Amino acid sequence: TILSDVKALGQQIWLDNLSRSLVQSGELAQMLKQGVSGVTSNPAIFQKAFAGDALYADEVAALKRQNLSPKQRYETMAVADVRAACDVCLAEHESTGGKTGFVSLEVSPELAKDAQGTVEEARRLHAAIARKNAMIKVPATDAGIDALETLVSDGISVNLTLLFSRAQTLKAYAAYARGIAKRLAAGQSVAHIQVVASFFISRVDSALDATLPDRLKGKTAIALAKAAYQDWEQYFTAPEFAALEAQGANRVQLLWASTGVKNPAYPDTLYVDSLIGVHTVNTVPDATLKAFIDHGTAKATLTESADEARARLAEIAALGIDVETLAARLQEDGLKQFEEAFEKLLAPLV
């Protein structure tokens, strides 16, 4: 079980897919037996599930005879799938005292710039799921980071997504800390609040590799992740956070997302093999999970050769590539794609 070797190195592997049949077939439970320890979804994942999974047909027909919006029909079916996956993951969650075994459901992409509307929908979905091991997924726009602070102060666990920027990630940590501080000032618990920061990998290489010289192709995303991990080590060890951790606060954990390899010239396990380190998560598509179980390597690679990663990022800046601008552009493109998938999902539910 290579996933056990990864766990021993301090990283969780989650499945970047969710559907009704994934659960009802027993496939998810069988993955957990191999060492998978969580599940992520997003609007594109759900659009594909609803389009291809036979198990929705009866419920769709029933819901079409009710007075509901298409979005309400979607939410009814997706919440049920999330609850079912949470129950499959509950033993894992309990075995670590609530530190693992999460399933993520994303709010509507229409809300990405609306902090108050995001808070309201996140609270509603949190209440609808009614599972201690559910996370609400929120894009890390400025409004999403505003919402993160509020939701953390409400005691809600959050998966902050579409991060491509080290600066934006550090802003998210600061908002998390403000929410935790608020709870401590009100004498509230913090020990069960878990937050992950989903930092995207392959899309960075896909955006840049054509413009980069041969020596740097396929290097930027891993280099950026290695630097982000070092930022995390700094932030969460500083005296400010240390004082919160001493009162029971959990650190945010980095979660590597978009770790399926899109370029056939690269090894199919490149992102998983290259980003293993302590106190992190990697969420993988099913084909990548299978490839990693088949021929992946479990080694402590995330903290290897950190200076080389910095040298590469400096060379990329010197070539006139601004990774901050790229991050804003990738976050926008990702929101657009999620909006398009969500609209596509809703159309047949009308």
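The first residue of the shown sequence is 1; numbering continues from there.
A.B. asks: Look over 184 to 192 and 97 to 105 in the entry and identify the one with the greater average Cα temperature factor.
C.D. replies: That would be 184 to 192.
A.B. asks: Would you mind comparing 244 to 252 and 149 to 157 for me and telling me which has the higher average C-alpha temperature factor in the entry?
C.D. replies: Per the PDB record, 244 to 252.
A.B. asks: Whose CA atom has the top B-factor in the entry, of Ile321, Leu63, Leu28, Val281?
C.D. replies: Within the set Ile321, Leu63, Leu28, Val281, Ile321 shows the top C-alpha B-factor.
A.B. asks: With respect to C-alpha B-factor, does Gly260 fall in the lowest, middle or highest third of the chain as deposited?
C.D. replies: For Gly260, the deposited C-alpha B-factor lands in the middle third.
A.B. asks: Within this chain, which third does the Cα B-factor at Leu18 fall in: lowest, middle or highest?
C.D. replies: Within its chain, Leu18 is a lowest-third residue by C-alpha B-factor, going by the deposited values.
A.B. asks: Comparing against every modelled residue in the chain, figure out the third that the C-alpha B-factor of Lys217 lands in (lowest, middle or highest).
C.D. replies: As the PDB entry reports it, the C-alpha B-factor of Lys217 lands in the highest third of its chain.
A.B. asks: Looking at the entry's B-factor column for C-alpha atoms only, identify whether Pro43 ranks in the lowest, middle or highest third of its chain.
C.D. replies: Its C-alpha B-factor, which the entry lists for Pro43, ranks in the middle third among residues of this chain.
A.B. asks: Where does the C-alpha B-factor of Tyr271 rank in its chain, lowest, middle or highest third?
C.D. replies: Its C-alpha B-factor belongs to the middle third of this chain's values.
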